[PDB]
Amino acid sequence: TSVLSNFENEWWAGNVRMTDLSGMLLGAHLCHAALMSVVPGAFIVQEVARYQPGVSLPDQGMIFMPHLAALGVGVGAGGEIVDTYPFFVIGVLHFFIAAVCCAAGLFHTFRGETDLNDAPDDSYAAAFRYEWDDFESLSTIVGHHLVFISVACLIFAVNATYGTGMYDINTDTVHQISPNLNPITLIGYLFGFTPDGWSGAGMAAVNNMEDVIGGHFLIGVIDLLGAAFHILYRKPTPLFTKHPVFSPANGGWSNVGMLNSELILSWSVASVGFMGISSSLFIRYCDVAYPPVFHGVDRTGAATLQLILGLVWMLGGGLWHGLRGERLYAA
Amino acid sequence: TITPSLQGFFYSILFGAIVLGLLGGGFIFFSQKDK
Amino acid sequence: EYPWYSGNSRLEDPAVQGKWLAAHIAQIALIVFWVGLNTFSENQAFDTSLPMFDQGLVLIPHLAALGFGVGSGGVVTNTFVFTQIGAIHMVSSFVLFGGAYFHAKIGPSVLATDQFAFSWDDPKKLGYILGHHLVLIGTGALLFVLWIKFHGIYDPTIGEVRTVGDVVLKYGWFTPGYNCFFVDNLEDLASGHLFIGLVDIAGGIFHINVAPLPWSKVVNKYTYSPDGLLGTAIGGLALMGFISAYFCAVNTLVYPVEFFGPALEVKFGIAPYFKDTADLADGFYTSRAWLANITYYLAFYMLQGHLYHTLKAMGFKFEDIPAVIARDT
Ligand SMILES: CC1=C(/C=C/C(C)=C/C=C/C(C)=C/C=C/C=C(C)/C=C/C=C(C)/C=C/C2=C[C@H](C)[C@H](O)CC2(C)C)C(C)(C)C[C@@H](O)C1
Ligand SMILES: CC1=C(/C=C/C(C)=C/C=C/C(C)=C/C=C/C=C(C)/C=C/C=C(C)/C=C/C2=C[C@H](C)[C@H](O)CC2(C)C)C(C)(C)C[C@@H](O)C1
Ligand SMILES: CC1=C(/C=C/C(C)=C/C=C/C(C)=C/C=C/C=C(C)/C=C/C=C(C)/C=C/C2=C[C@H](C)[C@H](O)CC2(C)C)C(C)(C)C[C@@H](O)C1
């Protein structure tokens, strides 16, 4: 099925069988998202069930409550959990999202048409036809997903600034913090250029909520602009086409800029692993975004967990799928 | 939380992976060379 | 055909045009690259306590004049701004290198979009190119004007940074209340910069809009050529360099004594030069002296190169020179 390595039709590899089946692939992703959303809500409800008021969160071993309390959910002045009901509401809403995703996945795996190339010729569904070769098709997908991520980030920032704000570590309580919008100052962190001097952990030495909220505004605007870029153009440019790549497809650097299913998957996997490593640094050092009132002070274990996951995705998955895609570029 | 002993064990896994990888790579590469 | 030492003359060929373009991009990158690199080394060697006109800091005083870490005067409080500017320039360098390499070996060998494609004898093409570059230059001038309006640069008479009348038609006559090389008013600098930006943008609009006219095609006897165009550009550069060297030597409002040292005295032996008039230690010269003298002599040799390229552009060949001296033994 669009691959001939040695073992394409093995049951333990059977997911590759959906390489071209667009409808089934969409269903599979939706079901997976159902899993990813079931876990948080279920474990939040389980946590709130055993939560004790006198003891502090770091001493209760909660791995989802701290992230919710960091956003001012159910906490008051002094950083103590007051009311537990909003955590329960968050869990229930994740249950709802998971149920909707699972319904969609069941529809597209069984009721929906397996391959959208078999859609009835502009039936609201041919507009969703995509091919792992044509660039234009996948461009609009990237654009719309960027739209959603950007709207999420902007919503987070707007909530922080105007409505009910976040738990600011320095001010000791939940406040609508006034954002900092000095773009050079924000983008300096990416090279470690913190105001207090260069720092080893980029983006992680922020010492005030204003920096993070301004950065989120910047990221939201940037992602919205990129969404417009990809939705409105869909055409390959001399950046993607005609860029150097080293591969045994042709021994040595080439300017081909190849495209393939495994290659797209590999770039995505590498991106995820990189985010894992960046988050590792973040939770190791940045305690503005992780108030030790909630997550505790010692946080080497969580950072190491993130590190391992990031290495597995960036090195293992990224390399494996990149090599397979480059080899499949011998078609 | 990570302790020094656990970190040492993790570095052990790194070094052992490196050793095994270099040994296996040498063996397989040399076997492939004079096919 | 050209030898390797004269290898860049190969880019004169319209057969390989885009690669020629690449070179220019690379140059600018190198230029902005240096702007980063130099500053970094300067930021390493810059002591805060000492007067800023003793150690080899040229760019640091230029930033100091543009605000950037100065308070009540003689004040250095953050070397991070200098590093920020240097890093910005050096990062831009990578982008410009990327574009240079894209045109060098990835892009087309000859531009023949085609709208960018031009020929050495297409006066409308050069006219519109000239207009666009003038528009950008005037835009930079107006950007400097806006910086004056909002941020405001250091002033010695006020002793501090400060933000901000066109008698420029009298400065141009060098009337005794003038000789711009002795300007001492921030408002004068800002107004003149506004004027030059406006005039540059107007000229750019005009050149994009209107083709070269016959009346001015009469005088340009031979400049419609590679060597001619290069020569005229080099001559303009030399003129600008002379003016900048004189400004640096004489003017104190723009170049404050704090970061640049006192004014220079114009002296002449066999050739002109600028003396310190400062009781600096023997073997050391103020940054102002370095700037003025190196700028001036670079401009002088730019003038010589302008003569060389212009002569080659007209009907002259230098390789004939020994042969002449052969005949008249
Ligand atoms: C295309 C190409 C390739 C790939 C090259 C690579 C690896 C390219 C890498 C591209 C990357 C990593 C792009 C990512 C850029 C990251 C950006 C732009 C992050 C921006 C984040 C910002 C601005 C947030 C800032 C904040 C916001 C955040 C909320 C916190 O409050 C902190 C604070 C305030 C710093 C190869 C390898 C195939 C070949 C190469 O030659 C070219
Ligand atoms: C006519 C002729 C030719 C020669 C042509 C040439 C080379 C003519 C020369 C033209 C020159 C040298 C023009 C120069 C113009 C200079 C201008 C317009 C200066 C403008 C400066 C301004 C506006 C400064 C502004 C401020 C800026 C500064 C901040 C001051 O604090 C304040 C203030 C206001 C003075 C050829 C080549 C065609 C053929 C020849 O044979 C004959
Ligand atoms: C490129 C090329 C060539 C031509 C090459 C040539 C002719 C190149 C010409 C190079 C020159 C002459 C460059 C000139 C550089 C000028 C410099 C370096 C200026 C120096 C001034 C200094 C260092 C300051 C001196 C002070 C220092 C101190 C402040 C004093 O108080 C006063 C004062 C101002 C004099 C050939 C001939 C080799 C081959 C051709 O085919 C192509």
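Residues numbered from 1 in each chain as written, not as in the entry; some residues may be left out. Chains lettered and ligands numbered in written order. Part of a larger assembly, values for the part shown. Heavy atoms only, no water.

The record names cryo-EM as the way this model was obtained, at a resolution of 3.6 Å.

Another aspect to go through is the packing of helix α4 (residues 135-161) of chain A against helix α6 (residues 209-233) of chain A. Residues and elements named next belong to chain A. In the contact formed by α4 and α6, the axes pass within 8 Å of each other and the chain directions differ by 155°. As the angle between them shows, α4 and α6 are arranged roughly antiparallel. Classified by chirality, the crossing of α6 by α4 is left-handed. Among the residues forming the contact of α4 with α6, the class breakdown is 16 nonpolar, ten polar and one charged. (Axes fitted to C-alpha atoms, helices over the stretch in contact; angles between N-to-C directions. Helix = DSSP H or I, 4+ residues; strand = E, 2+ residues; numbered from the N terminus. Parallel < 35°, antiparallel > 145°, perpendicular 65-115°, else oblique. Left-handed = near helix turned anticlockwise from the far one by under 90°. Nonpolar A, V, L, I, M, F, W, Y, C, P; charged D, E, K, R; others polar.)

Our focus in this paragraph is the nonpolar core. If you look at soluble globular proteins, the nonpolar side chains tend to sit buried side by side. Residue and element names in this part refer to chain C. Membership of the largest hydrophobic core comes to 22 residues, with the highest contact counts inside it found for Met52, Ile60, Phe259, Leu264, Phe274 and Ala292. Those elements that provide at least two residues to this core are α2 (59-65), α3 (80-106), α8 (226-250), α9 (257-260) and α10 (287-313). Among all residues touching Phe274, those that are not within four sequence positions of it are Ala249, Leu264, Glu265, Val266, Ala292, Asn293 and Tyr296. (Core = buried A, V, L, I, M, F, W, Y, C linked by side-chain atoms within 4.5 Å. Buried < 20%, exposed > 50% of the residue type's maximum accessible area, 1.4 Å probe, protein only. Contact = heavy atoms within 4.5 Å.)

Moving on, we come to a negative patch on the surface. Together, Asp20(A), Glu131(A), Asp133(A), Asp134(A) and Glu136(A) give the surface a local cluster of negative charge. Inspection of the secondary structure assignment puts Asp20(A) in the segment before α1 (22-50). (Patch = residues over 30% accessible without salt bridge, like charges linked within 9 Å, V, L, I, M, F, W, Y side chains within 5 Å. Areas by Shrake-Rupley, 256 points an atom, 1.4 Å probe, with all protein chains shown as cover. Salt bridge = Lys/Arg side-chain N within 4 Å of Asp/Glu carboxyl O. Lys, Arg positive; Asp, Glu negative; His and termini not counted. Charge placed at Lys NZ, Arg CZ, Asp CG, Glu CD.)

Moving on to the packing of aromatic side chains. Residue and element names in this part refer to chain C. With the rule as written, the count across this model stands at 29 aromatic pairs over all chains. Aromatic pair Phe68 and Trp147: ring centres 5.2 Å apart, planes at 70°, arrangement edge-to-face. Relative accessible area serves as the criterion here: at 26%, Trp147 is assigned to the partly exposed category. Note on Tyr154 and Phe259: the rings are 5.3 Å apart at their centroids and 75° apart in plane angle, and the pair reads as edge-to-face. (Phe/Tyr/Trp six-rings, centres within 6.5 Å; stacked < 30°, edge-to-face > 60°.)

The next thing to look at is α10(C). Residue and element names in this part refer to chain C. Between its first and last C-alpha atoms α10 spans 38 Å; for 27 residues at 1.5 Å apiece the expected length is 39 Å, and the two agree. Along α10, the positions that sit buried rather than exposed are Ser287, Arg288, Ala289, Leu291, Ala292, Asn293, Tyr296, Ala299 and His306. Looking at the buried residues of α10, the elements they touch are α2, α8, α9 and β4 (272-275). (Expected span 1.5 Å × (residues − 1).)

Once that is clear, we can look at the site of ligand 3. Residue and element names in this part refer to chain C. Taken together, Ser6, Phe274, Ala289, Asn293, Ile294, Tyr297 and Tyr301 form the complete shell of residues around ligand 3. In the complex, the protein chains occlude 39% of the 980 Å² of accessible area that ligand 3 would expose alone. At five residues, α10 tops the list of elements feeding residues into the shell around ligand 3. (Near = heavy atom within 4 Å.)

Okay, the side chain of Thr19(A) next. On the secondary structure map, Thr19(A) appears in the segment before α1. Aside from chain neighbours lying at most four places away, what touches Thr19(A) is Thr1(A), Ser2(A), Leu25(A), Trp132(A) and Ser261(A).

Before going further, it helps to examine the UniProt feature "transmembrane region" (unreviewed entry) in chain C. Residues and elements named next belong to chain C. Under the UniProt annotation, "transmembrane region" (unreviewed entry) lies at residues 20-37, 57-75, 81-102, 126-148, 194-216, 228-254 and 289-308. Annotated as 37% helix and 0% strand, the span residues 57-75 places its first and last C-alpha atoms 16 Å apart. Counting secondary structure, residues 126-148 comes out at 100% helix and 0% strand; the distance between its end C-alpha atoms is 33 Å. (UniProt positions renumbered as here; feature names shortened; annotations may be inferred.)

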